[PDB]
Amino acid sequence: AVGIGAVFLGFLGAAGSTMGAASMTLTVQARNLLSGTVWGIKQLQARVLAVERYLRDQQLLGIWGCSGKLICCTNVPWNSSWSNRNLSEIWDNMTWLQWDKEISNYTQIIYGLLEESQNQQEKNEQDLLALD
Amino acid sequence: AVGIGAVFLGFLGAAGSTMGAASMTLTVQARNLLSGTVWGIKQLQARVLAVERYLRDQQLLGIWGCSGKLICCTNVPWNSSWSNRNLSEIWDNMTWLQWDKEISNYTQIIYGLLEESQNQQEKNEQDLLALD
Amino acid sequence: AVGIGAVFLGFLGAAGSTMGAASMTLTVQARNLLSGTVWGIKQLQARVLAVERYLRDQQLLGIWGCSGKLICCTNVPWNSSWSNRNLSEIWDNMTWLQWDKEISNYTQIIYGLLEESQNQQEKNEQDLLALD
Amino acid sequence: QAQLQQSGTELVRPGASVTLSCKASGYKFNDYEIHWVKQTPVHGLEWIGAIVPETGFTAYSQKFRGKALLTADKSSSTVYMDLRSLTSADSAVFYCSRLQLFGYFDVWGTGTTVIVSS
Amino acid sequence: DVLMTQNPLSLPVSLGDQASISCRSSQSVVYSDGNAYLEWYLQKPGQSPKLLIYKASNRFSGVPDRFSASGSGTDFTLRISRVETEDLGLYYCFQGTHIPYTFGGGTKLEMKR
Amino acid sequence: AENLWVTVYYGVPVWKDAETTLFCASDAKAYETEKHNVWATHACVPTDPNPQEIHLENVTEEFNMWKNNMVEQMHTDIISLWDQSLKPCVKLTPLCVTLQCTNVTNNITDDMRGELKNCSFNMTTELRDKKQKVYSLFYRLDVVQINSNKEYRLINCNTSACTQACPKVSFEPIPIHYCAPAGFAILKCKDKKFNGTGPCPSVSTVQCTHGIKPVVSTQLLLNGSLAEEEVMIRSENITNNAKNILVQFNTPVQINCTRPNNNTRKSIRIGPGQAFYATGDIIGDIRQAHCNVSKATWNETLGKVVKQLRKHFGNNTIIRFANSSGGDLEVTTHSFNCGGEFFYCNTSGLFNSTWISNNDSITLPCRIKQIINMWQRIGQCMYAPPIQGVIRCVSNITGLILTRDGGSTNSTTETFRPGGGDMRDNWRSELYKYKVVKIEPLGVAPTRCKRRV
Ligand SMILES: *[C@@H]1O[C@H](CO)[C@@H](O[C@@H]2O[C@H](CO)[C@@H](O[C@@H]3O[C@H](CO[C@H]4O[C@H](CO)[C@@H](O)[C@H](O)[C@@H]4O)[C@@H](O)[C@H](O[C@H]4O[C@H](CO)[C@@H](O)[C@H](O)[C@@H]4O[C@H]4O[C@H](CO)[C@@H](O)[C@H](O)[C@@H]4O)[C@@H]3O)[C@H](O)[C@H]2NC(C)=O)[C@H](O)[C@H]1NC(C)=O
Ligand SMILES: *[C@@H]1O[C@H](CO)[C@@H](O[C@@H]2O[C@H](CO)[C@@H](O[C@@H]3O[C@H](CO[C@H]4O[C@H](CO)[C@@H](O)[C@H](O)[C@@H]4O)[C@@H](O)[C@H](O[C@H]4O[C@H](CO)[C@@H](O)[C@H](O)[C@@H]4O)[C@@H]3O)[C@H](O)[C@H]2NC(C)=O)[C@H](O)[C@H]1NC(C)=O
Ligand SMILES: *[C@@H]1O[C@H](CO)[C@@H](O[C@@H]2O[C@H](CO)[C@@H](O[C@@H]3O[C@H](CO[C@H]4O[C@H](CO)[C@@H](O)[C@H](O)[C@@H]4O)[C@@H](O)[C@H](O[C@H]4O[C@H](CO)[C@@H](O)[C@H](O)[C@@H]4O)[C@@H]3O)[C@H](O)[C@H]2NC(C)=O)[C@H](O)[C@H]1NC(C)=O
Ligand SMILES: *[C@@H]1O[C@H](CO)[C@@H](O[C@@H]2O[C@H](CO)[C@@H](O[C@@H]3O[C@H](CO)[C@@H](O)[C@H](O)[C@@H]3O)[C@H](O)[C@H]2NC(C)=O)[C@H](O)[C@H]1NC(C)=O
Ligand SMILES: *[C@@H]1O[C@H](CO)[C@@H](O[C@@H]2O[C@H](CO)[C@@H](O[C@@H]3O[C@H](CO)[C@@H](O)[C@H](O)[C@@H]3O)[C@H](O)[C@H]2NC(C)=O)[C@H](O)[C@H]1NC(C)=O
Ligand SMILES: *[C@@H]1O[C@H](CO)[C@@H](O[C@@H]2O[C@H](CO)[C@@H](O[C@@H]3O[C@H](CO)[C@@H](O)[C@H](O)[C@@H]3O)[C@H](O)[C@H]2NC(C)=O)[C@H](O)[C@H]1NC(C)=O
Ligand SMILES: *[C@@H]1O[C@H](CO)[C@@H](O[C@@H]2O[C@H](CO)[C@@H](O[C@@H]3O[C@H](CO)[C@@H](O)[C@H](O)[C@@H]3O)[C@H](O)[C@H]2NC(C)=O)[C@H](O)[C@H]1NC(C)=O
Ligand SMILES: *[C@@H]1O[C@H](CO)[C@@H](O[C@@H]2O[C@H](CO)[C@@H](O[C@@H]3O[C@H](CO)[C@@H](O)[C@H](O)[C@@H]3O)[C@H](O)[C@H]2NC(C)=O)[C@H](O)[C@H]1NC(C)=O
Ligand SMILES: *[C@@H]1O[C@H](CO)[C@@H](O[C@@H]2O[C@H](CO)[C@@H](O[C@@H]3O[C@H](CO)[C@@H](O)[C@H](O)[C@@H]3O)[C@H](O)[C@H]2NC(C)=O)[C@H](O)[C@H]1NC(C)=O
Ligand SMILES: *[C@@H]1O[C@H](CO)[C@@H](O[C@@H]2O[C@H](CO)[C@@H](O[C@@H]3O[C@H](CO)[C@@H](O)[C@H](O)[C@@H]3O)[C@H](O)[C@H]2NC(C)=O)[C@H](O)[C@H]1NC(C)=O
Ligand SMILES: *[C@@H]1O[C@H](CO)[C@@H](O[C@@H]2O[C@H](CO)[C@@H](O[C@@H]3O[C@H](CO)[C@@H](O)[C@H](O)[C@@H]3O)[C@H](O)[C@H]2NC(C)=O)[C@H](O)[C@H]1NC(C)=O
Ligand SMILES: *[C@@H]1O[C@H](CO)[C@@H](O[C@@H]2O[C@H](CO)[C@@H](O)[C@H](O)[C@H]2NC(C)=O)[C@H](O)[C@H]1NC(C)=O
Ligand SMILES: *[C@@H]1O[C@H](CO)[C@@H](O[C@@H]2O[C@H](CO)[C@@H](O)[C@H](O)[C@H]2NC(C)=O)[C@H](O)[C@H]1NC(C)=O
Ligand SMILES: *[C@@H]1O[C@H](CO)[C@@H](O)[C@H](O)[C@H]1NC(C)=O
Ligand SMILES: *[C@@H]1O[C@H](CO)[C@@H](O)[C@H](O)[C@H]1NC(C)=O
Ligand SMILES: *[C@@H]1O[C@H](CO)[C@@H](O)[C@H](O)[C@H]1NC(C)=O
Ligand SMILES: *[C@@H]1O[C@H](CO)[C@@H](O)[C@H](O)[C@H]1NC(C)=O
Ligand SMILES: *[C@@H]1O[C@H](CO)[C@@H](O)[C@H](O)[C@H]1NC(C)=O
């Protein structure tokens with residue numbers, strides 16, 4: 001038998017699993033994002049829009065200093081205001097859908113903090129490079 | 001009041017400011033680059049061309065070893081022939097438009113030097129990795 | 001005279017040269033990949049498909065931890081099963097076409113090994129970052 | 001020495017929950033995934049669920065989804081089933097079995113005869 | 001969903017003869033990878049099920065050449081030659097490609113005296 | 001340790017409700033010739049075989065078959081396919097001419113008196129300076145008298161010119177699969193008692209939907225999917241009588257429709273490369289078209305739907321079935337296409353019953369038309385060429401489209417009448433279990449990581 005693990009390795013197969021376990025199948029969704037007269041026009045528009053969305057996401061990741069990485073550790077400390085929940089709870093009980101629902105309110109704040117942290121790190125790198 | 005700083009943070013808001021100050025709003029233009037029957041065909045062609053231009057710029061940056069960075073320090077020394085101007089002058093008096101007008105002549109030379117420097121650094125990395 | 005080196009620096013100019021020598025003209029092909037009613041529709045479809053192919057290749061490279069690099073050294077050891085051939089033979093006698101013909105069978109195995117190695121390295125980085 | 005050990009017989013009242021076990025020994029626990037099959041004479045052999053100890057992924061079948069709760073402990077190399085709301089139809093023999101990706105049920109357990117009676 | 005039909009319910013056979021078990025799938029079992037994961041399992045009275053053949057063609061581990069399986073897609077058949085006393089038990093066919101997996105109806109091998 | 005930091009994840013399995021442009025897929029076998037079909041699409045890519053369906057454990061999703069997209073898209077795609085299949089065909093502008101019609105008393109039955117007219121008219125030939133006197137048989141529903149002599153004209157001549165359907169193109173529906181593009185997923189509700197709206201505890205993700213046949217009909221869903229467990233009553237707002245009630249059967253009801261007339265086709269050259277396919281003399285007796293359903297099977301099915309409706313309208317309620325109140329022929333009759341012929345059947349015998357709180361067949365007569373106004377549009381009419389021989393088709397009644405009448409106060413009686421006309425309800429009966437979501441691969445979560453300086 002193939003086994004039920006292949007299901008876990010399928011597209012969105014870990015959507016119901018704990019986010020800690022779902023963190024091991026990021027590449028599946030990441031690759032699915034680029035999978036590949038009026039009807040042709042509509043199909044082409046959809047493809048172009050998908051490409052634009054992927055490029056915007058990649059540009060954001062690069063702007064945070066996370067270019068080329070699927071998991072990127074940052075310098076922004078976690079605020080208890082966003083979520084006072086424990087680490088074990090988050091990474092062994094909840095799923096990414098539940099977590100997204102919980103933290104959807106603070107997402108823009110976190111994005112701005114990441115941008116500011118990357119800018120500060122870039123200028124600190126440039127200033128230490130003003131010193132060496 | 002919102003304040004005049006939000007104007008500085010707008011698209012091209014720093015076009016008239018000193019390049020030293022304009023260096024702190026690069027992300028605005030970088031993000032604007034990806035902002036998002038005959039009429040539909042023309043719009044789609046424009047979008048595809050914009051995507052192609054952005055990808056060409058990113059490929060160039062990567063070819064210089066500057067992938068994912070908005071400010072990238074390099075190993076290519078600055079030639080006095082390109083501009084004998086001081087550092088304070090450049091980064092506290094001129095703007096990026098004036099500077100582009102001044103150095104438009106040597107841009108291809110600088111690009112070739114950056115490519116050669118990145119190739120040399122890559123092969124030196126590979127050769128030190130031939131030694132470790 | 002311009003010299004025969006400019007031919008070596010042309011598109012596919014090193015296709016017949018030894019892969020060791022052809023490794024010094026990767027940027028030419030890399031840049032050519034992005035070079036730039038029914039007829040317009042077909043041209044637009046071709047351009048979109050080219051962009052999608054380039055983005056898929058870049059995503060693969062990033063998934064292997066090789067983002068932004070044309071030559072990327074990895075942690076995956078070379079299996080003698082794939083090719084028992086020597087190093088001098090490969091990099092001073094054969095060409096990339098011959099080598100591709102030889103190793104076409106094991107390409108997917110190597111790709112999977114690269115993905116697994118990058119995942120292991122990413123989680124080891126995250127775990128050492130669980131320790132610092 | 002790959003072997004799977006499970007409890008022999010558990011007698012409980014209807015409407016209660018029972019916790020079985022399947023001890024994995026003699027082989028790396030992580031690599032294989034443990035499946036369970038019931039042995040009954042009326043419904044035949046049926047697959048209940050299968051767990052991967054690494055990620056904890058739990059796959060079930062609609063024929064026993066819900067009440068069936070499967071848990072594992074990596075440290076002790078154990079897989080358990082917690083079956084709730086038992087009825088007379090649940091009295092059967094449960095075999096815990098191991099499997100590998102694109103593999104086969106090479107080794108099985110001794111079975112666990114469960115009786116639902118007050 | 002994948003109904004695993006096994007016939008006959010009982011398969012009388014004399015010692016040293018050949019017994020054939022037929023097992024038909026409702027739909028195709030071939031997985032995307034190209035392999036068909038259909039397995040035959042035998043349960044002796046008082047013993048847990050034992051794997052016999054995996055992939056519907058490969059022998060589990062030095063199982064007798066008597067135990068040979070063949071078929072394709074919808075139809076799969078298991079053949080047992082030179083029936084011995086140790087072959088008594090219930091034969092079950094099982095497919096392992098589509099979730100939920102299912103077991104065969106079951107064939108009861110009966111030796112003849 | 002207590003100091004937690006933001007970690008960025010790309011590829012997270014999270015999604016949101018979204019609308020996109022799904023791409024159709026058709027079975028590979030459909031590519032074996034038979035390119036002459038209204039629904040045969042070159043755009044539709046071959047169906048990926050051994051389709052994979054991943055079950056999402058512990059996932060609960062909110063579905064809404066009534067606000068669902070991917071039904072409007074299906075309607076638009078079907079309409080566009082219909083128009084595309086009609087572009088190359090002959091435009092019947094010359095057919096808008098005076099006709100000298102007379103009754104066909106040629107071994108007709110009492111129920112077919114005046115239904116067919118024998119009309120003679122002058123027609124253009126392949127030469128611009130020559131005219132031909134020709135005759136054709138026209139159904140009374142297609143000709144209107146204009147006022148001794150008796151002159152008629154085609155019903156459409158004061159609205160638009162009809163486009164003759166290409167005789168080789170087939171109207172037989174073929175399954176069509178809708179597939180999600182990159183960055184999107186299709187979620188299927190696997191609950192077998194799902195009433196079309198609200199949470200769905202059992203969910204799965206599929207690359208493409210099941211093959212949905214674009215069957216066009218009214219008052220009766222034909223050749224559709226069947227409920228797995230029980231008859232399903234689905235409505236946007238059951239209390240609101242203005243909302244149609246979609247009924248899905250668990251077992252099909254066979255309906256046998258035939259056109260017993262042995263029709264003869266006649267080709268008339270309208271111009272250079274233009275042919276008009278007229279109806280010649282009918283070989284044999286002339287008899288009414290009709291459809292048959294089993295009396296006992298229909299009674300059992302009606303009892304079951306009544307049982308399921310009482311759950312919404314109280315146990316001690318009188319449930320009545322009545323025929324359509326009125327409207328155009330399309331909505332007041334069970335419309336459908338049977339082997340290229342368009343039927344309009346009087347279902348007054350199917351919906352004639354009152355239910356108290358505690359080998360025969362039903363023959364319902366049908367009428368034929370050749371001028372067709374599809375999709376409730378005006379100004380785009382299609383002329384259906386006649387078909388030689390006897391027409392016969394067998395279908396399954398897999399559901400109903402009902403409408404409840406507004407009662408004063410609580411009159412302990414509810415009367416339901418057949419409805420339809422809007423084909424979006426026909427697609428909605430097959431796409432109720434599907435929804436489209438957009439992936440949101442970017443996720444930020446606390447981890448005990450920190451980056452370097
Ligand atoms: C619900 O679903 C049911 C079943 O899917 C469906 O009933 C079926 O409808 C189709 C379409 O009308 C029927 O197919 C037609 O069948 C007749 C009869 O012959 C068939 O059956 C015999 C005996 O089984 C077979 O031996 C034979 O091979 C056929 O399968 C055919 O005469 C029809 O062929 C003509 O039309 C085709 C349209 O594509 C053409 O491709 C074909 O070439 C034929 O046209 C040619 O000949 C014509 C006559 O000479 C001529 O006028 C044309 O110009 C052309 O030259 C067609 O294959 C099928 O039999 C039905 N099955 C049953 C069991 O009834 C229901 O219609 C459907 N309900 C709804 C509402 O959609
Ligand atoms: C719809 O209405 C049209 C009218 O336009 C009908 O078509 C006419 O049908 C009648 C009756 O079938 C036809 O009359 C018959 O014509 C046959 C062919 O005509 C040739 O032969 C006659 C001499 O007989 C010539 O004058 C003529 O120019 C042709 O060369 C004749 O063979 C028939 O004669 C037979 O019957 C008569 C009856 O008295 C006998 O005396 C004869 O000996 C012989 O047995 C007969 O005359 C007429 O031709 C048709 N006209 C056209 C234009 O088609 C359709 O039938 C009608 N359809 C329906 C469904 O109602
Ligand atoms: C959908 O289908 C239903 C039935 O399945 C139709 O309902 C029927 O509609 C007709 C009207 O079209 C009703 O009228 C019946 O007409 C018969 C024919 O009438 C001719 O013959 C009589 C002489 O017998 C002449 O007087 C008359 O002028 C016509 O020339 C009548 O014979 C019927 O009368 C019978 O019943 C009455 C009442 O029981 C007796 O008194 C008579 O003696 C005779 O036995 C009758 O009048 C018919 O009744 C309707 N049927 C039902 C069951 O209600 C729908 O109209 C149809 N829908 C559409 C849109 O067409
Ligand atoms: C098709 O075209 C023909 C030819 O134009 C039409 O026939 C013509 O019809 C008119 C009027 O019906 C005829 O005029 C009448 O002639 C009679 C007989 O002499 C006379 O008594 C009347 O007072 C009137 O003048 C005309 O003669 C006739 N011509 C021919 C050659 O037949 C025909 O009506 C058109 N329509 C159809 C359906 O054929
Ligand atoms: C299909 O099934 C869904 C749920 O399975 C039905 O929706 C639910 O309908 C009930 C009432 O029938 C709603 O309860 C009501 O809630 C409101 C607000 O809390 C309250 O004020 C009312 O007194 C009543 O308790 C329930 O909220 C609602 N759930 C959802 C998710 O919408 C739906 O009515 C069914 N439709 C059909 C046609 O069967
Ligand atoms: C499903 O349909 C029913 C019936 O159409 C809806 O209930 C109706 O809701 C309207 C409000 O939109 C009620 O009208 C109001 O009535 C009160 C008291 O009579 C009056 O003071 C207001 O000015 C207004 O006219 C109507 O009475 C009520 N009828 C019934 C039978 O409930 C229901 O809201 C619909 N459900 C959804 C989810 O839309
Ligand atoms: C729908 O059902 C009606 C009956 O409700 C069918 O009408 C019946 O059709 C058969 C065969 O076409 C007729 O049989 C004939 O009977 C006479 C006298 O016995 C015999 O001499 C003929 O050789 C032929 O066998 C029958 O008379 C006729 N009427 C009745 C009342 O049975 C109709 O055919 C059905 N149509 C469909 C599409 O199911
Ligand atoms: C609609 O038409 C179909 C034919 O395509 C009818 O099915 C056929 O119905 C006849 C009955 O006249 C069946 O013949 C009978 O078979 C039984 C055994 O099932 C036998 O005991 C009888 O003596 C008789 O020979 C025939 O088998 C059946 N065939 C199929 C494929 O269904 C159907 O009854 C028609 N339905 C209506 C409502 O008119
Ligand atoms: C729904 O069923 C009712 C009852 O069966 C139908 O009512 C009947 O409708 C017919 C035709 O509309 C009436 O026929 C009569 O025809 C003569 C012919 O000239 C006409 O002069 C009369 O004014 C009348 O239309 C029949 O009398 C009538 N019967 C009753 C009791 O109302 C109704 O037509 C059916 N509607 C549909 C859409 O099926
Ligand atoms: C809808 O249902 C009604 C009632 O179930 C049907 O009306 C009934 O039709 C039958 C059949 O003709 C009538 O029986 C006949 O009565 C006459 C005397 O009037 C008798 O001479 C005949 O031998 C036969 O027994 C019945 O009286 C009549 N009842 C009523 C209240 O109208 C109606 O035909 C059905 N309509 C359809 C389209 O099925
Ligand atoms: C209308 O409803 C009838 C009855 O529900 C449908 O006929 C049924 O079609 C299915 C699928 O084609 C048949 O199952 C098949 O059986 C054969 C063995 O004969 C098996 O080899 C296939 O793998 C499949 O399981 C089913 O037997 C058949 N029912 C009967 C009584 O023959 C029909 O498909 C529906 N659609 C129409 C009429 O358009
Ligand atoms: C030919 O058909 C016409 C109808 O198209 C018959 O004329 C009358 O039509 C009305 C309705 O339109 C009926 O109510 C009458 O019963 C019909 N007959 C009469 C005499 O008015 C006409 O009778 C039919 N026969 C002929 C020879 O023309
Ligand atoms: C409809 O009428 C046509 C008349 O053309 C019939 O076709 C004839 O059928 C007979 C007997 O099968 C043959 O001997 C003739 O050669 C046929 N002629 C033609 C031109 O095809 C046809 O069979 C009739 N249809 C039905 C159902 O009775
Ligand atoms: C956390 O949020 C509070 C409230 O917005 C704010 O005052 C504080 O500065 C934040 N701290 C960090 C580390 O983000
Ligand atoms: C600067 O430019 C001059 C003139 O082109 C050239 O000779 C010299 O090598 C250049 N030096 C550097 C460091 O670029
Ligand atoms: C540039 O800096 C030097 C510092 O030694 C100074 O002498 C010179 O004047 C400056 N340039 C100008 C244009 O003043
Ligand atoms: C090399 O290939 C052989 C045969 O597939 C395999 O057994 C071995 O593990 C491989 N080793 C490496 C380092 O890839
Ligand atoms: C590869 O190098 C080894 C060095 O020990 C040598 O013995 C061998 O001959 C070389 N391969 C070939 C094909 O000569």
Side-chain angles (χ1 to χ4, degrees), chain A residues 1-4 6-7, chain D residues 33 35-50 59-65 68 89 92-97 99 102-106 108, chain E residues 1-11 19-44 48-60 63 67-80 87 89-109, chain F residues 49-53 55 190 228:
Chain A
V2 290
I4 65 102
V7 153
Chain D
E33 48 193 341
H35 301 226
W36 296 68
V37 164
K38 93 189 325 196
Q39 191 60 237
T40 169
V42 51
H43 296 166
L45 281 66
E46 325 211 340
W47 173 45
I48 302 100
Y60 292 85
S61 180
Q62 61 272 27
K63 333 175 305 307
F64 322 96
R65 205 122 59 200
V93 151
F94 297 138
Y95 295 114
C96 79
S97 80
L99 168 75
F102 312 120
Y104 27 79
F105 302 83
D106 61 339
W108 300 56
Chain E
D1 172 347
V2 173
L3 283 189
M4 214 50 270
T5 79
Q6 206 179 318
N7 287 333
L9 166 59
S10 309
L11 180 57
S20 204
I21 303 167
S22 86
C23 187
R24 189 166 182 78
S25 53
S26 44
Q27 82 310 300
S28 167
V29 172
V30 195
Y31 201 54
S32 61
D33 83 323
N35 176 260
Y37 292 90
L38 195 134
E39 291 60 68
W40 324 81
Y41 290 89
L42 163 60
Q43 204 177 209
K44 284 58 62 195
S48 311
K50 150 68 157 40
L51 164 65
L52 295 177
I53 264 63
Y54 57 68
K55 320 238 179 52
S57 60
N58 200 318
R59 102 153 65 251
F60 165 38
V63 278
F67 282 34
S68 39
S70 78
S72 51
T74 326
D75 61 281
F76 279 97
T77 281
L78 167 66
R79 295 167 306 86
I80 172 182
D87 303 334
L90 287 153
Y91 282 60
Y92 269 62
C93 41
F94 161 88
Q95 101 294 357
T97 59
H98 311 341
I99 287 125
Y101 312 135
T102 46
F103 279 96
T107 299
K108 184 173 177 153
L109 200 77
Chain F
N50 48 88
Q52 280 325 336
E53 157 174 327
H55 179 77
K190 288 211 300 209
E228 286 111 327

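Residue numbering restarts at 1 for every chain, and letters A, B, ... go by the order of the sequence lines.
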Check: [Y] and [X] side chains under 4.5 Å, non-hydrogen atoms:
X       : Y        : answer
F:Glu53 : F:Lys190 : yes
D:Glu33 : A:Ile4   : yes
A:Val7  : F:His55  : no
E:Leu11 : E:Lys108 : no
E:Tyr37 : E:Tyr101 : no

Whether [X] side chain and [Y] backbone form a donor-acceptor pair below 3.5 Å:
X       : Y        : result
E:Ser25 : E:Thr74  : yes
E:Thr77 : E:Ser70  : no
D:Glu46 : E:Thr102 : no
E:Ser22 : E:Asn7   : yes
E:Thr97 : E:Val30  : no
D:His43 : D:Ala89  : no
E:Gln6  : E:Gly106 : yes

So, taking the atom named [atom1] in [X] and the one named [atom2] in [Y], what distance separates them when rounded to the nearest 0.5 Å?
X       : Y       : atom1 : atom2 : result
D:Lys63 : D:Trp47 : NZ    : CH2   : 8.0 Å
E:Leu78 : E:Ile80 : CG    : CD1   : 7.5 Å
E:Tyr92 : E:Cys23 : OH    : SG    : 11.0 Å
E:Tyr31 : F:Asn50 : OH    : CG    : 9.0 Å
D:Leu45 : D:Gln39 : CG    : CD    : 4.0 Å
E:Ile53 : E:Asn58 : CD1   : CG    : 8.0 Å

Do E:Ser48 and E:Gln43 have side-chain atoms, one donor and one acceptor, less than 3.5 Å apart?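 E:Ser48 vs E:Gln43: no donor-acceptor pair found between side chains.
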
Would you tell me whether E:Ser68 and E:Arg79 have side-chain atoms, one donor and one acceptor, within less than 3.5 Å of each other?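 Side chains of E:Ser68 and E:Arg79: pair found under 3.5 Å.
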
Is the number of heavy atoms from other residues, nucleotides or ligands within 6.0 Å of NZ (E:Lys44) greater than 12?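 Result for NZ/E:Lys44: enclosed.
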
Could you pull out all residues at least two apart from E:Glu39 that satisfy side chain to side chain donor-acceptor pair (under 3.5 Å)?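 Not a single residue meets the side chain to side chain donor-acceptor pair (under 3.5 Å) criterion with E:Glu39.
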
Could you check whether E:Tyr41 and E:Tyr91 have their ring centres less than 6.0 Å apart?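 Ring centroids of E:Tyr91 and E:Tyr41 are no less than 6.0 Å from each other.
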
Please name the pair of heavy atoms, one in E:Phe60 and one in E:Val63, separated by the smallest distance, quoted to 0.1 Å.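 Of all heavy-atom pairs spanning E:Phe60 and E:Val63, the closest is N-CG2, 3.6 Å.
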
Using the six-membered ring wherever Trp is involved, compare the ring planes of D:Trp108 and D:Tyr95 and label them parallel, tilted or perpendicular (cut-offs 30° and 60°).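 Plane angle over 60°, so perpendicular.
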
